[PDB]
Amino acid sequence: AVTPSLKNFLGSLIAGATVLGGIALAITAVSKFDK
Amino acid sequence: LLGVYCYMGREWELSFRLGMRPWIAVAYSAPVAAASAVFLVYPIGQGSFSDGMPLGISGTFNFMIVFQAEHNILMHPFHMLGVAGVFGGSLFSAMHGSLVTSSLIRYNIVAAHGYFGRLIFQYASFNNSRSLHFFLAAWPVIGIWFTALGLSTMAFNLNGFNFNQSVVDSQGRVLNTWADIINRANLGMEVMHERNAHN
Amino acid sequence: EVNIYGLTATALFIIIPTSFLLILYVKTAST
Amino acid sequence: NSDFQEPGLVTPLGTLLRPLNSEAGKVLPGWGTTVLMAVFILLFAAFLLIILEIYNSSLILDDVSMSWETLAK
Amino acid sequence: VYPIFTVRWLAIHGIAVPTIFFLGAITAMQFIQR
Amino acid sequence: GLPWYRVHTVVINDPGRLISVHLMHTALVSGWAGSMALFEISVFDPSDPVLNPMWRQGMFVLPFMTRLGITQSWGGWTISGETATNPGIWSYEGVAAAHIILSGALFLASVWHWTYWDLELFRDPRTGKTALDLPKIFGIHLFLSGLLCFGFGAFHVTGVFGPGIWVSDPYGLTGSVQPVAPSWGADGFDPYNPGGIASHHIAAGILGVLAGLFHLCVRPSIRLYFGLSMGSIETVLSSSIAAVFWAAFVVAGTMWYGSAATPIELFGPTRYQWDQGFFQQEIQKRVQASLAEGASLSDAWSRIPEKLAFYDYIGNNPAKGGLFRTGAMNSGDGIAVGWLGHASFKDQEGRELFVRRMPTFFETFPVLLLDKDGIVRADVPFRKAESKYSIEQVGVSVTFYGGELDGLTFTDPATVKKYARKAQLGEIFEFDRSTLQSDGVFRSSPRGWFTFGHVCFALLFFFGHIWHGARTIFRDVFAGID
Amino acid sequence: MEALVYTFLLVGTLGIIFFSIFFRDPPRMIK
Amino acid sequence: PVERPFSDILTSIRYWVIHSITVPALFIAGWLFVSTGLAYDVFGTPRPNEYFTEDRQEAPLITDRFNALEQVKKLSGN
Amino acid sequence: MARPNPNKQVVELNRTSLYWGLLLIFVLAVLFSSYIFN
Amino acid sequence: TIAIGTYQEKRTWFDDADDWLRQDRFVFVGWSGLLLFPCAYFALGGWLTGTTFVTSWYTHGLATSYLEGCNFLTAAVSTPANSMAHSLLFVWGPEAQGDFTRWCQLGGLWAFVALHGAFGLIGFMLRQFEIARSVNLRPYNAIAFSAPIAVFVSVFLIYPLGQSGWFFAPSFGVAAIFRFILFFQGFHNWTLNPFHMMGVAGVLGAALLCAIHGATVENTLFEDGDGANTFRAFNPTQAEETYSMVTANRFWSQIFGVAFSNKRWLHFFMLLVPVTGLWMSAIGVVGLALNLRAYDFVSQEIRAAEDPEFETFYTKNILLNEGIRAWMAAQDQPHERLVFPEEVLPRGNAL
Amino acid sequence: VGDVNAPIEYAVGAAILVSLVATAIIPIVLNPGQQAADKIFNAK
Ligand code: CLA
Ligand code: CLA
Ligand code: CLA
Ligand code: CLA
Ligand SMILES: CC(C)=CCC/C(C)=C/CC/C(C)=C/CC/C(C)=C/CC/C(C)=C/CC/C(C)=C/CC/C(C)=C/CC/C(C)=C/CC/C(C)=C/CC1=CC(=O)C(C)=C(C)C1=O
Ligand SMILES: CCCCCCCCCCCCCCCC(=O)OC[C@H](COP(=O)(O)OC[C@@H](O)CO)OC(=O)CCCCCCCCCCCCCCC
Ligand SMILES: CC1=C(/C=C/C(C)=C/C=C/C(C)=C/C=C/C=C(C)/C=C/C=C(C)/C=C/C2=C(C)CCCC2(C)C)C(C)(C)CCC1
Ligand SMILES: CC1=C(/C=C/C(C)=C/C=C/C(C)=C/C=C/C=C(C)/C=C/C=C(C)/C=C/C2=C(C)CCCC2(C)C)C(C)(C)CCC1
Ligand SMILES: CC1=C(C)C(=O)C(CC[C@](C)(O)CCC[C@H](C)CCC[C@H](C)CCCC(C)C)=C(C)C1=O
Ligand SMILES: [Fe+2]
């Protein structure tokens, strides 16, 4: 069964993926604007 | 003590006999001041030579422990300045050695300055090769002077800081802080040291 | 003879590096 | 030097194993297959995190008991 | 010279805003009767 | 004119000399393994496997051999205390002799490869210069390692062809070598489940093979080829150093915290079992169950095995020891010879008292007899100090249940004080101190020595990784060229 | 036995110090 | 594209117009944050009169890992 | 017995290095002898 | 054959990202910046927030915050309680369950700061490597920083990992660090361990070298300026060195007995001393983490116990350690629930 | 209990004094650094 701790862990995985994607998008957009 | 003072004098004497500038004795005054303090001024303030530092290793450790028991040296500002001086001296020695060794290629200050200015920001701080070495010579010496003066002041027994029972809630109850744990350690140390009942 | 193992350890630690360094110095000084 | 100072010794095993040590320095154009490596690295990191949390009691799973008592299965 | 919202702007503001907030908080804490 | 610390770099180009050097190092390590096996077997005493196991005698390599199936010996004894009749080829002495022979053969191969350095195998057809195809070599070696891992997992650990591995009950009371069936569910990831081992050595094994195949059929991209300096032979050194760094921390952690691959019956108990009252709680539960079932206190306390009481003794805690307290644990506090029995203290009023057990941190701890409510009720002065509650005044008495001193009682304050100071350490035992001339200071078990050594090596290897990686990335600057 | 070892080690250290002070190779590299 | 010198902004009018009305807002925000009592609620720091609960007259102790939330809620009196 | 290896240098150790090594070993022995003897 | 050089292919997103990151601005971001700046920023923010608002009432029974009335020397970010043995204390973990107030109360802020700070140190080392590679200099600053990172890793992660839990790691503060130092002096006799001795020697020698080198260089300058001050008689584009090596060498060869004759060797010795000292200290604390302490000198203990009339400073140090432990464990370890009656507390009156 | 004695009048009075003393000296400390960084940059 999906224990609450496992649900929280999957949520943390999603949040980390979101943070990394945000950083990547920021660098990409800024580089494209400047070049 | 007489030997170290005359060594101090001989440093200047030889510096003068060679054409050098005479300000190495000033740098040497720091360790001499600390040694003179510990070995002569503390016993005078306390009133006996039994309070001097035994010439050994375990003797030095017992010396330090007895101070931490009696005068609370760790919280004295001058000891903080001494610790800062020693740590900063180690840091500056290591980092100056690293930059100078890296720069020297089969440029000494104009090349590594580009590295330093962008590493931790702080552009155009020590761009003069002489000011940098003067700063190196000045930091630890001042630190040791301050710590020696702190020990000398403790000889006449003012004290380190004292924050015991500095936090109290309503109704007058006392809430413990880290200073209280340090004070408990000091109290145990002092109780252990004193013999009181001596036969 | 107390702590024979300690005495042997001290003797080895004082001899082996010393002999190695001295042999290296004599070998290189011939150059 | 000529052919790195004349040819070396030849042995039957050397001749047999020569093919495995011939194409030195060959490479593919572009980035090749780095994206697959990145995906696999991410999966491995997730697996390492999962095991680390399982062994640290930060991720309690129904089946695992996480104690010496599991030896009495 | 013209554009703003650069790296320097973000870097300085990030450490500037919380500093002012915490300075105000501590100054207010000073005047508590305990 | 190479300095003393740049001497071996002369082998940085020719592969044959590198092969010979690696063979020499392998021979040295194999010879060390054989010699230590022989020495430990010569020093081992197999008389008592209950109160004198391996971990009490300072053994280091013997449990590793025993962990994988080696039990019997050529002298007629077994690690379980029984007697062997057919030791066979594979015993302790056989393993040591085999390792020594391998060391010698590797030494001969090393000298041969050192003599014949210039082989055609080390020169590529184009440009006629020495070169190594590192990606393909890595593919071959990884393929081989994965195949070996699969073989070990599916033939030895699972017991289909081999002997199996050491498995024991949770309390380390009855263990032996058995086959281990794989476990695939989520229960195969907790390190205290032996099955999780076998499955891994299968699963990862397969992956290994697959990986190797890929690495033999796909050449690296140019950008990756130049970014990681894959044409140099120092990048691989940094990667390997980092890998062993990581593995050293993994193994040291699993040894310290306990796992299914480090049974307490071979290396000794961990400190976290003493801290959490594992064996104490188990014994208390068993005795309470016996009393509830209906029986006398003496009978209830006389049924617990001596091994279980031995595990509950702070002298066995690996935490307490010294860096320079050399030797085996058996030379620290004497060789155990018997179990006196559980000591119960009762005062004049009648309520039972218990002794506050000594935490791990405290080198010396006062004795405090305190009742069930947690309030101190008796104690001993520090050293000739004024006393308000004292063993003499309160008049506590000690009774012994089970063990050798069964049914006896004592009232003399001296004996009561001595037994209280003995009980503050845990279960009271009898120690022969005249054979090894034990000083009286506790020593650490093999667990602590292993963890300490491997952690120190891991940190030094972290520094080595940093240095060699920096020297690889900065090749041109270091060499003073473009 | 321990006292003799300690005295020997201290004497050796002092002897190395003296030899370094008085029998050093000349510093002609930069002078 | 040259990271205008700090001197240029120092003499600007819009810079001062913005900052002289913005910074005081942050300072007052902090003052009200720690004055209204929001800090105690947000960060869980007990008030001077909430240290010792009616039924407890000593420092608290968690003594529990997987039920630490309920333990802390009970000890704090909330 | 096949061909002289071109990569063959010789180690060199000036006197200052020897003095440093002797000082290091003797100082370490002084520091650690008491602990070894207990 | 089809040969190839470097960067002879079409441009890619990676190329644009690399070009933007490695520009020339007031702050050098670089690739390591992505890992350094966020982590360090959050570490500093967490420390300040913990020292300003959060308290340790429910973990250690203390009051450490400006909101509670503590000075800069007594405020700190206390470690989590001993019950939380080695949990990483995530906000979403089984302990906090997602409540920020309870997360702060239990003490996860310490773990937050420690982890993000360790990753910040890693990022800083990578930044130094990147700068050195960009400006084409050998990376010695990398090792010089590898020393302190090793010390931090040891003290703040390996020591607690061997003990009961995070409760015994340092708390980020001044009085907390003093408590830590006294705690080792009491329980481990850390002052008698050879490794701390070597570290002390290394640090003091580093300070000595710094001071002496500065004094010698500043007192042997060449006459290249009419003004009374020698600071303005120099420019960064000088060709020769500003001080006479021969004069300093002779001076220190006639005063002390041995003097340097090589700039590279001198500055390399400066680099070498402190790194070795701190590495040895780190190894010593790694050993201590397993309670492998140099405490016994068993012969002296046996001799002292045999007859009371034999006292050395070592025995007095042992007694002082006993006093420290007995008198401080009462409140230093609340989870043990220790209550020592005044009869049993060690005191010099009873010897 | 734990309320602030001082009123908001002093809050604003001190805000004005500690807000216009920090927004005008943060660019004066960095000016040397920004002036020297450009000299270092675009040179080597
Ligand atoms: C580069 C910057 C950086 C770094 C290195 C870290 C690192 C860390 N943070 Mg910090 N943090 C950051 C930025 C960063 N953070 C930012 C920007 C914020 C604000 C949003 C935070 C806010 C924050 C909080 C509030 C907390 C942390 C915590 C942590 C720690 C736990 C890491 C973890 O499990 O997270 C998650 C990490 C990952 C998910 C790794 C990435 C792996 C990806 C997702 C793989 C995906 C592949 C695939 C889809 C997965 C398949 C499996 C499954 C889905 C089927 C760790 C030390 C926690 C901690 O330890 O505090 C005590 C904590 O409580 N951080
Ligand atoms: C990491 C590997 C490792 C580990 C964990 C152990 C662990 C153990 N060994 Mg084994 N051993 C090893 C490697 C290892 N050994 C190797 C490589 C050899 C070959 C020489 C041996 C040879 C060996 C023998 C012959 C014996 C042991 C014994 C022991 C036990 C006693 C404790 C001990 O080692 O002494 C305590 C450790 C120390 C005092 C070392 C202190 C470490 C410091 C940091 C070193 C400092 C060095 C310093 C820089 C220079 C000082 C110079 C000074 C001496 C003058 C213990 C189970 C004994 C035993 O019980 O067997 C039954 C025994 O008789 N071992
Ligand atoms: C896989 C492991 C590995 C390998 C193959 C190498 C190989 C090499 N290293 Mg690296 N290194 C390693 C690990 C390794 N190292 C680690 C872990 C560290 C951190 C301590 C270093 C730190 C290091 C430095 C700082 C330098 C090298 C250098 C070198 C080269 C010359 C060897 C040397 O030092 O002269 C031979 C050395 C000696 C003869 C001295 C031996 C005396 C030792 C110190 C004491 C006795 C050791 C004992 C008997 C055995 C210990 C066993 C233990 C490992 C279990 C060579 C290419 C040097 C080089 O060429 O780079 C420019 C160099 O400057 N290495
Ligand atoms: C003469 C007296 C003396 C001296 C010189 C030393 C010397 C030393 N002791 Mg001490 N010690 C002594 C007496 C002494 N000891 C006594 C009598 C005791 C009682 C037992 C102790 C107890 C003691 C303990 C308990 C410890 C030491 C440690 C150390 C070492 C400190 C290493 C260091 O700098 O780490 C400090 C540096 C770091 C941790 C690096 C962190 C740097 C980060 C990345 C910076 C963060 C950025 C920051 C926010 C920027 C702000 C900058 C701002 C401050 C300006 C050093 C060798 C420590 C040690 O090294 O052990 C391994 C240690 O743990 N000693
Ligand atoms: C009965 C008796 C004898 C009693 C003795 C009892 C007893 C206590 C014995 C002593 C025991 C003992 C030796 C204890 C110490 C043991 C100990 C802790 C060892 C530590 C060893 C160790 C490996 C530590 C690691 C760190 C380490 C390597 C430290 C090195 C320390 C060190 C040598 C520092 C340098 C000291 C020093 C004085 C340097 C001065 C250098 C110098 C002359 C520069 C001058 C100079 C400046 C210029 O600017 C220029 C230009 C020139 C040209 C120039 O020259
Ligand atoms: C996508 C996230 C966007 C930002 C969110 C706000 C960030 C600021 C948080 C301040 C604290 C407030 C409390 C939040 C905490 C909170 O409220 O969590 C709550 C949330 C859900 O829990 P529940 O409240 O549903 O649980 C209740 C019960 O069911 C529990 O049994 O937990 C998660 O799913 C993970 C959330 C992560 C949020 C942190 C984001 C960062 C993740 C780590 C990133 C690592 C990057 C590594 C790169 C290599
Ligand atoms: C040839 C041969 C043979 C034989 C052989 C043999 C018998 C061998 C042996 C060998 C051996 C017998 C070897 C040994 C080795 C050893 C070693 C190699 C050791 C090492 C050690 C070490 C390395 C240590 C270290 C350390 C210490 C001391 C402690 C701690 C610290 C340290 C780590 C530093 C025959 C005739 C049969 C046949 C044919 C072949
Ligand atoms: C919440 C949190 C977070 C974050 C945070 C942060 C990011 C923070 C920051 C913070 C900060 C950023 C802070 C700052 C502060 C500052 C301060 C607090 C300052 C102070 C100062 C002072 C006090 C000064 C003084 C002085 C001077 C210098 C002048 C004159 C003289 C004197 C001495 C008076 C997160 C979500 C991630 C997670 C959870 C937690
Ligand atoms: C020419 C030009 C320059 C010089 C410039 O700085 C910008 C702003 C980009 C950005 C907002 O800084 C983007 C910052 C986002 C960044 C990628 C997030 C990750 C890295 C760090 C967290 C950034 C903060 C570092 C700072 C604290 C030193 C633009 C749009 C331009 O056109
Ligand atoms: Fe210099």
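Numbers given to residues start from 1 along each chain, in the order its sequence is written, and need not follow the entry; residues that have no coordinates are not shown. Here chains are named by letter from A upward and ligands by number from 1 upward, in the order in which they appear as written. What is shown is a subset of a larger assembly, and the numbers refer only to that subset. Derived side-chain values reflect all non-hydrogen atoms in the structure, with water molecules and hydrogen atoms excluded from consideration.

As summarised from the PDB record, the model derives from cryo-EM at a stated resolution of 2.9 Å.

By the naming in the PDB entry, chain K is Chains: 1, taken from Chlamydomonas reinhardtii. The record lists the entry's title as "Cryo-EM structure of an intermediate-state PSII-PRF2' complex during the process of photosystem II repair".

Short version of the rule: UniProt positions are given in the numbering used here, feature names are shortened, and annotations may be inferred rather than shown by experiment.
Taken verbatim from the UniProt record of chain G, the Subcellular location comment is "Plastid, Chloroplast thylakoid membrane". Per UniProt, chain G has the following entry under Sequence similarities: "Belongs to the PsbT family."

**Some words on the site of ligand 3**
Residues and elements named next belong to chain F. The cut-off we apply is this: Here a residue counts as near a molecule or strand whenever at least one of its heavy atoms sits within 4 Å of it. Counted as a polar contact is a pair of N or O atoms within 3.5 Å, where, for protein atoms, one must be capable of donating a hydrogen and the other of accepting one, and residues adjacent in sequence contribute only when both atoms are in side chains. Numbering of helices and strands runs from the N terminus, with a helix taken as a DSSP run of H or I at least four residues long and a strand as a DSSP run of E at least two residues long. Residues are grouped as follows: nonpolar covers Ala, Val, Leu, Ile, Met, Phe, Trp, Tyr, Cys and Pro; charged covers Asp, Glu, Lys and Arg; every other residue, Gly included, is treated as polar.
Taken together, 13 residues lie around ligand 3, and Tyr5, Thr9, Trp467, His468 and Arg471 are the ones closest in. Take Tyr5: an N or O atom from its main chain is 2.9 Å from an oxygen atom of ligand 3. Contacts to ligand 3 include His468, whose side-chain N or O atom sits 3.2 Å from a nitrogen atom. The biggest single contributor to the shell around ligand 3 is helix α15 (residues 446–473), with seven residues. Taken together, the residues of the shell around ligand 3 break down into seven nonpolar, four polar and two charged.

**Considering the arrangement of the chains**
Cut-off, in case you're wondering: Any two residues having at least one pair of non-hydrogen atoms within 4.5 Å are treated as being in contact.
Among 24 pairs of chains with at least one contact, chains B and J form the most extensive contact set. One thing to see here is that chain H and chain I don't touch, and their nearest C-alpha atoms sit 41 Å from each other. If you take every C-alpha in chain C and every C-alpha in chain J, the smallest gap between them is 11 Å, and the two do not touch.

**Comments concerning the side chain of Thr220 of chain J**
For clarity, the threshold we go by: Exposure is judged per residue with a 1.4 Å probe applied to protein chains only, and the accessible area is read against the type maximum: over 50% gives exposed, under 20% gives buried, and values in between give partly exposed.
When you line up the elements, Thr220 of chain J lands in the loop between α7 (194–218) and α8 (245–255). What makes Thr220 of chain J buried here is its relative accessible area of 7%. Setting aside chain neighbours within four positions, we find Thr220 of chain J in contact with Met20 of chain B together with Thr242, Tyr243, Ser244, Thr247 and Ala248 of chain J.

**Observations concerning a nonpolar patch on the surface**
All names here are of chain B. Which entries qualify depends on this criterion: Like-charged residues within 9 Å of one another, or nonpolar side chains (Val, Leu, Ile, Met, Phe, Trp, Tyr) within 5 Å, are grouped into patches, provided each residue has over 30% relative accessible area and no salt bridge. Only the protein chains shown count as cover for residues, and all accessible areas are computed by the Shrake-Rupley method using a 1.4 Å probe. A carboxyl oxygen of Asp or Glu within 4 Å of a side-chain nitrogen of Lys or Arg is what we treat as a salt bridge.
Together, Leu1, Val4, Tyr5, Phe39, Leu40, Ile44, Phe49 and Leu55 make up an exposed nonpolar region whose accessible area comes to about 820 Å². When contributions to the nonpolar patch are tallied by element, the ones reaching two or more residues are α1 (2–18) and α2 (25–46). Its location among the elements puts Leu1 in the segment before α1.

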